[PDB]
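Just the one chain here, the form deposited in one PDB entry, laid out as structure tokens.
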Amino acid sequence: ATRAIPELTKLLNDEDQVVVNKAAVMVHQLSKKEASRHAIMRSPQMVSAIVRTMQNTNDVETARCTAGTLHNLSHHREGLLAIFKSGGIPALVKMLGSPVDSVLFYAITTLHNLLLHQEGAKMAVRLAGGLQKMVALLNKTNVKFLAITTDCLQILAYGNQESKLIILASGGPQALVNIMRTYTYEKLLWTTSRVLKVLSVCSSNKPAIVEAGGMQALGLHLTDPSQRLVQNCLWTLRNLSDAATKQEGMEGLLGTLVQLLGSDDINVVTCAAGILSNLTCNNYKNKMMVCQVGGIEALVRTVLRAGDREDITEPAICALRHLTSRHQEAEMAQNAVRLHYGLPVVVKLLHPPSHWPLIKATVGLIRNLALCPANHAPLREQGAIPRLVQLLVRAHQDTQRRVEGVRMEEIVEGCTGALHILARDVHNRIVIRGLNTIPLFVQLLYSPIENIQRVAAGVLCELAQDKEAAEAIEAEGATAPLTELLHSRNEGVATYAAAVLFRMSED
């Protein structure tokens, strides 16, 4: 056991075909005896000998045995410091090009233990070019092996933009996405989804993950019994979903997200809402699918249940706003919000304690709801108009005498746009006018921002259809600013402006 030792050193470090080969099969043996090995990491001349013969050999049993030893040695915090102080990291990495499975398994786990416990190991693996080597190993098929390799990658990539970009350039995204859609082994899907989460916050990795089919592959695991796997999939999907507008094959993912809205899990709900929010922006087919699988219903229930938790209601409200315009079933969806009892909660979200991003999204949603005639009356009855007017008046003041992510100019435009639509209904025009808004709408004709001039002249165009209001609009001196706006580069602006003028000068 203890005394007769650096014998096998000298024959290992030898320059002969048989000599070092059969000598290595020896340290191998003795490293297995737990308390016998805990003494063999002592010899710097011994430790480093192991390393060399591994780096340059031919023997599949030399290799196996050298690696397995380092493997075996990598369990004590003294056992690791030895491998490290010796410099096996670069050789171990070099062993990641080997074609012999057992050699792979031994290298990876040694690096793994080193990456896990040993000071300074992350930096030395990077220097050795391990990232590239680990990425190329992702095409293997042994799940235990792949689990370890993906975990090395997560350890290296976390908080290290340089490493994330090397992973990108080595084709990481595709190979990690392949893993997600091929395997079922939880431990492996989990660590892989962690690697994808870490990369999904990277400006360059994100579209590559999306181009590789990331969104669909991640979707596959959203009903796994493993909660840590589903959640990590939800976080990654969320980070990526603003880049996935152009993706097809999205129908399964979209249906699962709708079901996930009903979850008891707050992070689950929060994620699904935000993912549905992003994937529905502009892509009218996603709109179509989400509505076809009951999205409106589910989004209304989610908003009713969230109460004042803005992490939920804001993305849910943005999703409902996407879903209530500019697709073939926009109109059924505008109706469905009312039918599932959404109109009161949506008006309620305009009031404190709601913060600005929510108010903004909510106003946008009201705008859309108002395109549907049968919403005109309940919106009024729920009190939509006076709050939208107060929000407008206050936000316009803030813009003159000059917030939390949002510019008051957006609330001005949003509120005026919402009132423009609501003004289609005659009783609504009475409330709007009775709130003495005409002076304000006229001032908004002078705004620098064209979209504001558009909704302002549009709402005046709606109001000017009643005799009494046209007179009022004229008394505000609207003729002059409308005169100049006839020449706006914006056709909406120039057209609305001419309809007001027409309706005023029937005298």
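Superpose the two forms; the largest set of C-alphas matching within 1.5 Å is the rigid core. Residue numbers run from 1 along the displayed sequence.
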By Cα RMS to this form in 9 other deposited structures of this protein after fitting the core, the stretch ranking higher of 474 to 482 and 42 to 50 is 42 to 50
Core superposition done, the stretch whose Cα atoms deviate more in 9 other deposited structures of this protein, picking from 127 to 135 and 310 to 318, is 127 to 135
Does the comparison with other PDB entries of this protein show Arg367 lacking coordinates in a third or more of them, where both adjacent residues are built?
no
Missing coords for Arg402 in a third or more of other PDB entries:
yes
Going from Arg402 to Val403, the deposited residues skipped in the model number 10 or more
Looking only at C-alpha temperature factors in the entry, 72 to 80 or 141 to 149, the higher average sits in 72 to 80
Comparing 2 to 10 with 497 to 505, the higher average Cα temperature factor in the PDB entry belongs to 2 to 10
Among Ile473, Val51, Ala457, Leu440, highest Cα B-factor in the entry goes to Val51
Note to self: of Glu314, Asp224, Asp101, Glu413, the C-alpha temperature factor tops out at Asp101
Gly130: CA B-factor among chain residues, third -> middle
On the chain's distribution of Cα B-factors, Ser200 falls within the third called lowest
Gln334: C-alpha B-factor third of its chain, per the entry, is the middle
Chain-relative C-alpha B factor for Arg309 (record values, thirds): the middle
So, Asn282's CA B-factor, relative to its chain, sits in which third? The highest
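What comes next is about the form solved in complex with a partner chain, which does not appear here.
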Classify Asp151 as contacting or not contacting the partner chain in the deposited complex by the rule of any non-hydrogen atom within 4.5 angstroms, answering yes or no.
yes
Is there a heavy atom of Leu304 no more than 4.5 Å from a heavy atom of the partner chain in the deposited complex? no
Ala147 within 4.5 Å of the partner chain in the deposited complex, heavy atoms: yes
Any non-hydrogen atom of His75 within 4.5 angstroms of the partner chain in the deposited complex
yes
Here the chain appears without its partner; judged in the deposited complex, the stretch of 388 to 396, 187 to 195, 213 to 221, 84 to 92 with heavy atoms within 4.5 Å of the partner chain is 187 to 195
In the deposited complex, the residue from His112, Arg338, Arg380, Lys133 with a non-hydrogen atom within 4.5 Å of the partner chain is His112
Of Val293, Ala374, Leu116, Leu127, the only residue with a heavy atom within 4.5 Å of the partner chain in the deposited complex is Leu116
